[PDB]
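A.B. asks: Got an experimental structure here, sequence first:
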Amino acid sequence: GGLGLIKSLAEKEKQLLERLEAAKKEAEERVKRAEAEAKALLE
Amino acid sequence: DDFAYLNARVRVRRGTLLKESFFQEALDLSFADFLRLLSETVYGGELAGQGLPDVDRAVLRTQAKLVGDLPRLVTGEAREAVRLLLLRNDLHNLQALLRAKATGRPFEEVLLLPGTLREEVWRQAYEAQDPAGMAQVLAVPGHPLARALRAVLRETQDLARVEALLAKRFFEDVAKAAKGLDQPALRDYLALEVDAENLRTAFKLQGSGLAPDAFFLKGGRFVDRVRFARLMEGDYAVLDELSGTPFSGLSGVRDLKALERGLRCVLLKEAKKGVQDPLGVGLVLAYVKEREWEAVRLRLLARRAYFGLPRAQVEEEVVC
Amino acid sequence: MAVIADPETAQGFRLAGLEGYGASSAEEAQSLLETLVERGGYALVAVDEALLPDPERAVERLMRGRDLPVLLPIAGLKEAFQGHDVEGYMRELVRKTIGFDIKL
Amino acid sequence: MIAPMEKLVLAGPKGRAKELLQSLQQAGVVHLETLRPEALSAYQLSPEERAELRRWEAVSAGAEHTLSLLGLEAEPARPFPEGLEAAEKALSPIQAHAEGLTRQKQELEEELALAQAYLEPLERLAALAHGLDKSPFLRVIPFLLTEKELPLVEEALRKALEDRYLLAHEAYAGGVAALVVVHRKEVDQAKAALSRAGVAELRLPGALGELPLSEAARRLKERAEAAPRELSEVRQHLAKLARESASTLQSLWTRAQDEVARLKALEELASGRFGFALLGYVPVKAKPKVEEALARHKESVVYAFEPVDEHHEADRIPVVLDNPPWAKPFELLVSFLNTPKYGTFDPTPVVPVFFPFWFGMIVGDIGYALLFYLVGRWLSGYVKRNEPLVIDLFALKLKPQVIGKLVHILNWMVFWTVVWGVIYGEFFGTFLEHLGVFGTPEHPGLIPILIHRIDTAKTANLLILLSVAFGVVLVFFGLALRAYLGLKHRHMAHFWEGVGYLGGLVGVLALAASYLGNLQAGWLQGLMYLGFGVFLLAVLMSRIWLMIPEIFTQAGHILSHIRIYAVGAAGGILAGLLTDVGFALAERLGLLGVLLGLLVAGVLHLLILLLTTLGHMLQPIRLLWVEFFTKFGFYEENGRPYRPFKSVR
């Protein structure tokens, strides 16, 4: 099915948007790790 | 084709007309009395609410309902004749379309009043690369504007001088088609309109100093090109030279307001001669011009009631 | 330039080649006034008397400096049967201006 | 017959979509589809893509205007792969030189026209202006007017300065250059009075009606002496630029039209959120070419070629002919009509099967057949010349493919035409009067005529029966096609209607040949009763009230086939009358003006051929389109044709 191929494209775009959302979210998780390390180092 | 089956509905619509006392009593109102009298009128059947713009929109809808059908319900030589009656709104829509294409505003900029062809054609004509392609998109078979704009289109791409020369060729081809019909009175009425428009261009261009032969048109019978140049110059004697023609009372006038008022008066008087022809098509043209005089009277009384005009302020509007 | 009176009034100005607006209520008149003030339009604004009598308010609140969009309390046509009572406007003007109303 | 025309989709990434779109436009063998509705984006490309597309479209428009001002026409060719700004730079210099040359040509042409319009008049008026050129006391009222009605303005001159106002008209007899001179202000008043009497000042445009008359005459003479060599050099440099840059402009216009078509095709995409899909239809015969195009996708991002729909509901299906090589040329006449409903009966084969047969039955002049053969030889030489046929007052511009299809159709017509003309036995009309090639018992000279056709006492009923049999057979074939198509679409209304109309026609022919025909109505009385019963039974099973009006209209359509035999007999009788008159007036009237009489008769025969044979051929295809299509319908919703990606080349 062609719109079932659109559905396979929906699984793939969930993978793409997953890489997007995990990247731009995991970056702020590393922001958390960085501020933890540096604030403890300052203290 | 049948100039009588349409003439029966024309006589029925002629039965649906307001008298002169409907406006004479309307000389004193307060737009609520006028709203009630219009609510009695058939044109108030599309009466939406209160206000001048609602009144004008209802008048336009009533004009489309009672006058727009005359372009339909006919086929043949009678259709080719009756198409060239409600043609000023179509040429105005085409002129606004050319002005919008040359200007650059939105395609929904002008309000695009009702004419003869489909408005979807006018919407589709907003996007066209060639002017001849836009003419072919606007090409109806018996549309005189389609033949006029195509013949005038062999000058440039899109010019304002092209638009003015297209209006000149539009009046010229209208006169050519009016000569090219088997109608004893429609040719005379169209020629009277052509000579009046020549006089109107002369009075609007009096003192401009431009070339009158480039401004003067061909198709009239009441005036001369030398008379046209004399009207182009500051000589009201040429307007006094109009004796015996339908331009009788148009004499001793220099102000264009009362001049075109009397011109419209002479045109409506010539249109009153259309009741003599109950078998041709000029009776329907008389009905259309009667609805036009009613429409001018309606928007006039509407402005008078909405702005509180004096009776003397519009006394020169209902003399005929 | 720009004016605000009424759509029926403003279409004459747009026919002049002059930017028009039109508001039925006085608050919407200050709304359109505020609109053309924020969208600083060539420095002139005329306002009808019937909507705003003394339309200095939006420019003295917003464009306190530079004096640029010149305001005019213009007369409206349904009221221009009367003719604004120009003398009374002038008396009101000098009384607003130097405080001291007298007779000319 | 129409092909399978399967549907197909694919998807990938967006840049992958642009690359695959460029390939599938290079392999432009598939019509597209919208597929807007579900689970996908609108695939609005980019504002940057919109700007580049507007730039390329303006480039194509500028190339079109450059060819127009050059006068050349847009001929497709192999494109020029170049950058957009680079192609713009290549366009801009030639377009600038062309625009400047065109404006200079228009200006110099109008200037030479206005100079030649008043050259000698300005010179004679300047020779008359040897005593007031710019004298600050008296104006110079010039009027290049009509013939010597000089007293009509001399009345106003008598109203002017009476023993003064030097006013005469010297020369240049195309217009009497009435020059008057009195003063400044009184002369202005007198010019007003003379214009009231009818007068005009020599007001030229530019500077000639704006500078002093001696200086205007010098400038006009200078422009008149200079304009011819300038116009010749302008035309020469314009033609040189055209012959130097037309191929580059054409390749640029081809590449620009290709890129613009690719951009417009990019508007029809179906995005998948940083990824994109596309779908459409294409025939089954190019599925190998479709796969060969599909290999160029990045990992061949998967294209699926799914099957087309059934007899129900295939309206966005593309349409194509797909005829045989024998049947390929017949499609051009069928192209004047619309397209089918994707499962309808392609009647294109019966067109070449019967139209040439009825055409050969129509015209039986072997000399006119050889004239058509020589005309086809001339057209074939034009085709071998590989030039598009251009007919100016006929406005007939033709590529060689349509002309070759016409020539093949003409040869296929002429074969059966010569066959039936040998059957009628007529060489350039009745040459058997002069050289008795046809054989009758009245005067046997040579081989006998199968159809004598000069005598109708033995041949007319046979010819009418032949026409009626061919017409009833075609009517049976058309009603059978209607019923078979109603069975194929499984809509019993159309099939039962075709069955009832066929039964009514059969019973009508049976009752006609029984009552109005011969005797012995026993073998066909039950036949007519069965036809009437079939008509009534299908009327009950149909209930459409498609009345005896419909049956009588079908009957008239069947009976109209005798017009073929009618027009054939008419043309034959006319040709025989003209040939007998020519042979008599040549040989029997003297036997000496055989050249003059034969030439006049052949010229009249050529005039009659030019007046008759066009409509004579037209009546067969008119009968074909009016019968074979109309019994089978062929007037339902017109179909949607195969509009693949163009790649105009």
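C.D. replies: Happy to help now that I have it. Residues are numbered from 1 along each chain as shown, chains lettered A, B, ... in the order given.

A.B. asks: Please work out which residue of chain C is closest to chain D.
C.D. replies: Nearest to chain D in chain C, going by CB to the nearest CB, is residue C:39, at a distance of 24.3 Å. C-beta coordinates here come from the backbone N, C-alpha and C atoms, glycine included.

A.B. asks: Now for that residue, how many residues are close by?
C.D. replies: If you count neighbours by other CB atoms under 10 Å in any protein chain shown, residue C:39 ends up with 8.

A.B. asks: So the closest residue to chain A within chain C versus chain B, what's the distance?
C.D. replies: Closest approach of chain C to chain A (CB to the nearest CB) occurs at residue C:38, with a separation of 36.1 Å. With distances taken as CB to the nearest CB, to the nearest Å, residue C:38 is found 23 Å from chain B.

A.B. asks: what sits against the nearest residue to that residue once chain neighbours are set aside?
C.D. replies: Distances taken as CB to CB, 6 or more residues apart in numbering or on different chains place residue C:62 nearest to residue C:38, at 7.4 Å, with adjacent residues excluded. Contacts for residue C:62 (CB atoms under 8 Å, 6 or more residues apart in numbering or on different chains) come out as C:34, C:37-38.

A.B. asks: Ok, residue D:439 next?
C.D. replies: Per CB under 8 Å, 6+ apart, neighbours of residue D:439: D:425, D:432, D:445-449.

A.B. asks: Counting neighbours, which of these end up buried?
C.D. replies: Applying 16 or more other CB atoms under 10 Å in any protein chain shown to the contacts of residue D:439, the neighbour count classes D:425, D:432, D:449 as buried.

A.B. asks: helices and strands around the longest helix seen in chain B, which ones?
C.D. replies: Looking across chain B with DSSP state H, the single longest helix is helix B:282-307. Applying 3 or more CB pairs under 8 Å, 6 or more residues apart in numbering or on different chains; DSSP states H and E, we find helix B:282-307 packed against helix B:5-15, helix B:33-40, helix B:52-67, helix B:186-204, helix B:256-272.

A.B. asks: Okay, buried residues for that helix please.
C.D. replies: Neighbour-count burial for helix B:282-307 flags B:282-295, B:297-298, B:300-307 (criterion: 16+ other CB under 10 Å).

A.B. asks: Also stretch B:313-320?
C.D. replies: For stretch B:313-320, by 16+ other CB under 10 Å, it's residue B:318.

A.B. asks: Can you report phi and psi for the closest residue to residue D:447 other than its chain neighbours?
C.D. replies: Using CB to CB, 6+ apart and skipping residues adjacent in sequence, the residue nearest residue D:447 is residue D:439, 5.3 Å away. For residue D:439, the backbone dihedrals are phi -120, psi 120 (criterion: degrees, to the nearest 10).

A.B. asks: so residue D:439 bridges to which residues?
C.D. replies: Bridge pairing for residue D:439 (DSSP bridges) gives the partners residue D:448.

A.B. asks: any idea how far chain A is from it?
C.D. replies: For residue D:439 relative to chain A (CB to the nearest CB), the value is 72 Å.

A.B. asks: mind checking how far that residue is from residue D:368?
C.D. replies: 22 Å (CB to CB, to the nearest Å).

A.B. asks: Then residue C:1?
C.D. replies: On the measure of CB to CB, residue C:1 and residue D:368 end up 81 Å apart.

A.B. asks: And the spatially closest residue to residue B:68 that is not a sequence neighbour, how far from residue B:122?
C.D. replies: Leaving out its chain neighbours, the residue that sits closest to residue B:68 by CB to CB, 6+ apart is residue B:114, at 5.8 Å. Here residue B:114 is placed at a distance of 11 Å from residue B:122 (CB to CB).

A.B. asks: Counting neighbours, go ahead and name the busier of the two.
C.D. replies: More crowded of residue B:114 and residue B:122, by other CB under 10 Å: residue B:122, with 20 against 17.

A.B. asks: Could you pull up phi and psi at the residue nearest to the spatial centre of chain B?
C.D. replies: Geometric centre of chain B, nearest residue: residue B:88, 4.5 Å, by CA atoms, centre = their mean. Taking degrees, to the nearest 10, you get phi -70, psi -40 for the backbone angles of residue B:88.

A.B. asks: How far off centre is the helix or strand containing residue D:219?
C.D. replies: Per DSSP states H and E, residue D:219 falls inside helix D:213-266. Helix D:213-266 sits 30 Å away from the centroid of its parent chain (CA atoms, centre = their mean, to the nearest Å).

A.B. asks: what does stretch D:4-21 give?
C.D. replies: Using CA atoms, centre = their mean, the offset of stretch D:4-21 from its chain centre is 36 Å.

A.B. asks: Same check on stretch D:286-302?
C.D. replies: Its chain's C-alpha centre and that of stretch D:286-302 lie 38 Å apart, by CA atoms, centre = their mean.

A.B. asks: which residues are contacting that stretch?
C.D. replies: Counting by CB under 8 Å, 6+ apart, residues outside stretch D:286-302 touching it are A:5, D:6, D:8, D:10-13, D:16, D:19-20, D:23-24, D:26-27, D:29-30, D:282, D:303, D:305.

A.B. asks: which parts of chain C sit against chain D?
C.D. replies: Taking CB under 8 Å from any CB of the partner chain, no part of chain C reaches chain D.

A.B. asks: Spatially central, which residue of the chain would that be?
C.D. replies: Reading this off chain A. The centre of chain A sits closest to residue A:22, judged by CA atoms, centre = their mean, with a distance of 0.9 Å.

A.B. asks: you looked at the wrong chain, it should be chain D
C.D. replies: residue D:396 (6.4 Å).

A.B. asks: beta partners of that one?
C.D. replies: Beta bridges link residue D:396 to residue D:391 when assigned by DSSP bridges.

A.B. asks: Next one: it relative to residue B:307, how far apart?
C.D. replies: Taking CB to CB, one finds residue D:396 at 64 Å from residue B:307.

A.B. asks: next one: residue B:162
C.D. replies: Distance from residue B:162 to residue B:307, by CB to CB: 39 Å.

A.B. asks: All the helices of chain A, residue numbers only.
C.D. replies: Counting by DSSP H, the helices of chain A are A:2-42.

A.B. asks: Chain D contacts on that one?
C.D. replies: Counting by CB under 8 Å from any CB, chain A sits next to chain D at A:1-3, A:5-7, A:9-10, A:12-13, A:16-17.

A.B. asks: Just want to check the distance between residue C:12 and residue C:20.
C.D. replies: 8 Å.

A.B. asks: ugh, typo on my part, it should be residue C:43
C.D. replies: For residue C:43, the distance to residue C:20 (CB to CB) stands at 16 Å.

A.B. asks: Can you tell me the SS state at the residue of chain B found nearest chain A?
C.D. replies: Closest to chain A within chain B is residue B:127: 31.2 Å, counting by CB to the nearest CB. Here residue B:127 takes the coil state, with states given by DSSP: H, G, I helix; E, B strand; the rest coil.

A.B. asks: and it, what is it in contact with?
C.D. replies: Taking CB under 8 Å, 6+ apart as the definition of contact, residue B:127 has no neighbours.

A.B. asks: count of neighbours near residue 6?
C.D. replies: With no chain named, the answer covers chain A. Using other CB under 10 Å, residue A:6 is surrounded by 21 other residues.

A.B. asks: Chain B is the one I meant
C.D. replies: 20.
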